[PDB]
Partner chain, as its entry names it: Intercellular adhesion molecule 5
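One chain comes next, on its own, written as structure tokens: the form solved without the partner chain.
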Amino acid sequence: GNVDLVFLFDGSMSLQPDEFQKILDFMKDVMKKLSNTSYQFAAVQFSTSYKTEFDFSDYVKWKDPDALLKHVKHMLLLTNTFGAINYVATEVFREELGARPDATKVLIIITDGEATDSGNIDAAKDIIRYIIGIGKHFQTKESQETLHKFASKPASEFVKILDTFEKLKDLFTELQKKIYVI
């Protein structure tokens, strides 16, 4: 019944300042819409390294997406997606950071490029994983296919490709049409 959701967002060199900002604003829009629900949130920036920008405990105490992401600094390096997903699985989904042990775990990965690392995501198998690929780096079918290995199956449900960062607004509009009292 409880949902612990992690935004895992790309901070690579390829992102223009306005594009990075549009990611931040998308995340804030989602959190504001799902205030006072069974959702609790954490946000992790990934590039070459990984940083928990705020954790679940932070969200519970402040419930203020604007304040929680206010100190985010764009890393401007690579795109270590494998390492990032593993970091979330092992280092973020923990009591110490306010994760609830019996909650449904969800990961929202937001990226504008292919992974610069390798390996596996076995550690994250118990997490429902969605991935949003954004921009000109994902023009080809082949490039989009590379993201499937990070998301839950089927790709038709868990993988979304956006032409531009402006389309995050459209995605947020679409998302809200899927909100229900169950």
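Residue numbers count along the first chain shown, from 1.
Separately, the form deposited with the partner chain bound exists; it is not shown, and the next lines address it.
Visitor: Identify which of 110, 89, 78, 99 has a heavy atom within 4.5 Å of the partner chain in the bound PDB entry; exactly one of them does.
Guide: Spelling it out, the residue with a heavy atom inside the cut-off is 78.
Visitor: Let me know the one among 148, 61, 51, 136 whose heavy atoms come within 4.5 Å of the partner chain in the bound PDB entry, would you?
Guide: It is 136.
Visitor: With a cut-off of 4.5 Å between heavy atoms, is residue 120 one of the residues that contacts the partner chain in the bound PDB entry?
Guide: Flag for residue 120 set to no.
Visitor: Would you classify residue 116 as touching the partner chain in the bound PDB entry, given a 4.5 Å non-hydrogen atom cut-off?
Guide: Yes, residue 116 sits close enough to the partner chain in the bound PDB entry that at least one of its heavy atoms falls within 4.5 Å.
Visitor: How about residue 170 - does it come within 4.5 Å of the partner chain in the bound PDB entry, if we only consider non-hydrogen atoms?
Guide: Looking in the bound PDB entry, residue contacts with the partner chain include residue 170, since a heavy atom lies within 4.5 Å.
Visitor: At 4.5 Å, heavy atom to heavy atom, what parts of 9 to 28 sit next to the partner chain in the bound PDB entry? List them in sequence order, or say none.
Guide: Read in sequence order, the residues that approach the partner chain (within 4.5 Å, in the bound PDB entry) are 12, 13, 14, 15, 16, 17.
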